[PDB]
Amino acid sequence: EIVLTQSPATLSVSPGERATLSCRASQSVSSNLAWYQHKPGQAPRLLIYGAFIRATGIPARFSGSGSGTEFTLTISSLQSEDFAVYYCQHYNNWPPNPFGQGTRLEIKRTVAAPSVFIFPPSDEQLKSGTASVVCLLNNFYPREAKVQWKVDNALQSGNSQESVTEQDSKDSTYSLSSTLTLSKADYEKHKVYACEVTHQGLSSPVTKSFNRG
């Protein structure tokens, strides 16, 4: 019944810089707070327990502080492996959900606009009953991008799925793909298929479209 929120949900901070993650509790938990790091696709690792006691084998550049209602995980100078999801966890009682929701640490960089591509369904696929239309947002930053599909100028709902890559190691950008899925019946009943992309890095929304041809 005692709730822990880690805000922000995403902290964007430059490598080499200093990272300060917050964990705030809804009721005092004294110093019964622990902190975990969760690497991409590995096991979690304990960093801090007791709000400030460094766990065995953890680099000095991680430090814990706080007691009561405000807790901070600080990383003194960020290294490459340090970009990961960080969880806070209380043990004042043993409720069903003593974990915060986690904060994701990402590499901060300069705003970069996506390059947009749209692909019509292959002929080979269209013969098997379904038409899949793919929009590609390439190498942009920040991750927050908004993508809308419009067929014959009508907005779409329910017929698309977005996927995002992890951050590039070289330029630290993201790429996104949106796939719009339609049956040959519906796909052939319409003429203009248009991908509309909105992002901090564009002055105005970008459209890429095709006619069934």
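Numbers for residues come from their place in the sequence shown, where the first is 1.
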Between 62 to 70 and 45 to 53, which has the higher average C-alpha B-factor in the PDB entry? 62 to 70
As the entry reports it, the stretch among 126 to 134 and 93 to 101 with higher mean C-alpha B factor is 126 to 134
Just the C-alpha B-factor column, please: which of 160, 37, 165, 30 has the biggest number? 30
By the CA temperature factor listed in this entry, which of these ranks top: 26, 173, 156, 177? 26
Against its chain's modelled residues, does residue 14's Cα B factor rank lowest, middle or highest third? lowest
